[PDB]
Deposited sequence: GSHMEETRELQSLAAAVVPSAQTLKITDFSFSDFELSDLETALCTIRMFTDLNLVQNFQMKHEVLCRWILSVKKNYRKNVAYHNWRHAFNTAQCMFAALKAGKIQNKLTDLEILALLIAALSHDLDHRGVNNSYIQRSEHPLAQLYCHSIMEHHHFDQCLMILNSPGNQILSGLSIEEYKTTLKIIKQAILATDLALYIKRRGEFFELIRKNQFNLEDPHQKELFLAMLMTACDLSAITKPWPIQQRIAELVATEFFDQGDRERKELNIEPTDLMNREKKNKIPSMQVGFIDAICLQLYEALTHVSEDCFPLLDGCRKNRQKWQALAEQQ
């Protein structure tokens, strides 16, 4: 958009009243953004930061937060069917739901939460594309550029060390969305859980969990109510077909993706917190739906 248009958008956002988390429904794991305008996703984002006490705990100026959110949004690579602002926004919303409804908040520090939210919203910036097609390598560089860009520095209130720590976690969180990295480190996570040895007090295990949580939120579309999951799966297919430039196999592949990548993760997450069960439940239900189709409806 033009300079004038971007200015009007910022004006509208900054002056808008931010509805409660309840009104926005961002606490629900089944949340959908289909009917929301970009402005509304921005208000939802502000609410996430607010109810997670980030605005307060880190002294974020309203205007700066609004500007940073809009700067992240407008900077998403255009013409990408799935990995775009909406997916990033949804990843952040799932993170918020997991921290609140999933009750994972009290297990993390304010800096880890700060970093996780920022990474969720920024992880698909500078999307380049590429089975092995779902093995994308993410890029945290643009995330940091925007975070450090004049007028958008929402971490300005952090001490030198808090800032250095936050950036380290942000980098780890973004890289964690690389499925190759998830596949590489998940074995350790699953075994710790299986042997009742999972310990969040252990720095290494805390870091491992944060990476697994990023993956869970990044793939959460697979847990949504059927009609919603069906539409987002179309977006996924469209993105791959756009790179290509078939469909009768989608059902079988969805089941394969769920069985090989998703289910065990949501099952494990449920062990860390039973309240995250909905994600597992939604995933199981979508597997059944896809299996029915695969066996030929």
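A.B. asks: Write out the missing regions of the deposited sequence in sequence order, one range per stretch.
C.D. replies: The deposited sequence has unmodelled segments at 131-146, 262-278.
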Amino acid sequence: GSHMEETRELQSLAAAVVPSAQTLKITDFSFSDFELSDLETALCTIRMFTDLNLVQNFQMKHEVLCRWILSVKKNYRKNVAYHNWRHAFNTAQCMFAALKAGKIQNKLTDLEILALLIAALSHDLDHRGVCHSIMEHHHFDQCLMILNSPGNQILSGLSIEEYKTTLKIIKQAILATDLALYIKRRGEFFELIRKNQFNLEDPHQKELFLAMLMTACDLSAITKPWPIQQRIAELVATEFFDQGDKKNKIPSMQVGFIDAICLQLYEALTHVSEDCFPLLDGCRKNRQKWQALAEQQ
From here on, numbers count along this sequence of modelled residues.
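Rigid core: the largest C-alpha set superposing within 1.5 Å between the two forms.
A.B. asks: Give, as the answer, the stretch of 134-142 and 77-85 that departs more from the shown form in 8 other deposited structures of this protein; the measure is RMS Cα distance after a core fit.
C.D. replies: Relative to the shown form, the greater RMS C-alpha distance in 8 other deposited structures of this protein belongs to 134-142.
A.B. asks: After fitting on the rigid core, pick out whichever of 214-222 or 119-127 shows the bigger RMS C-alpha deviation in 8 other deposited structures of this protein.
C.D. replies: With the rigid core superposed, the C-alphas that lie farther in 8 other deposited structures of this protein are those of 119-127.
A.B. asks: Between 167-175 and 199-207, which has the larger average Cα B-factor in the PDB entry?
C.D. replies: That would be 199-207.
A.B. asks: Quick one: say whether 263-271 or 55-63 has the higher mean Cα B-factor in the deposited entry.
C.D. replies: Mean C-alpha B-factor is greater for 55-63.
A.B. asks: Among 133, 75, 91, 84, where is the Cα B factor highest in this entry?
C.D. replies: The listed residue with the largest C-alpha B-factor is 133.
A.B. asks: If you rank the chain by CA B-factor, which third does residue 127 end up in: lowest, middle or highest?
C.D. replies: Its C-alpha B-factor belongs to the highest third of this chain's values.
A.B. asks: Lowest, middle or highest third of the chain for the C-alpha temperature factor of residue 257?
C.D. replies: Lowest third.
A.B. asks: Splitting the chain's C-alpha B-factors into thirds, which one does residue 11 fall into?
C.D. replies: Answer is highest: the recorded C-alpha B-factor places it there.
A.B. asks: How does the C-alpha B factor of residue 239 compare with the rest of the chain: lowest, middle or highest third?
C.D. replies: Middle third of the chain for residue 239's C-alpha B-factor.
A.B. asks: Report the third (lowest, middle or highest) to which the CA temperature factor of residue 245 belongs, ranking only the modelled residues of the same chain.
C.D. replies: CA B-factor rank for residue 245: highest third.
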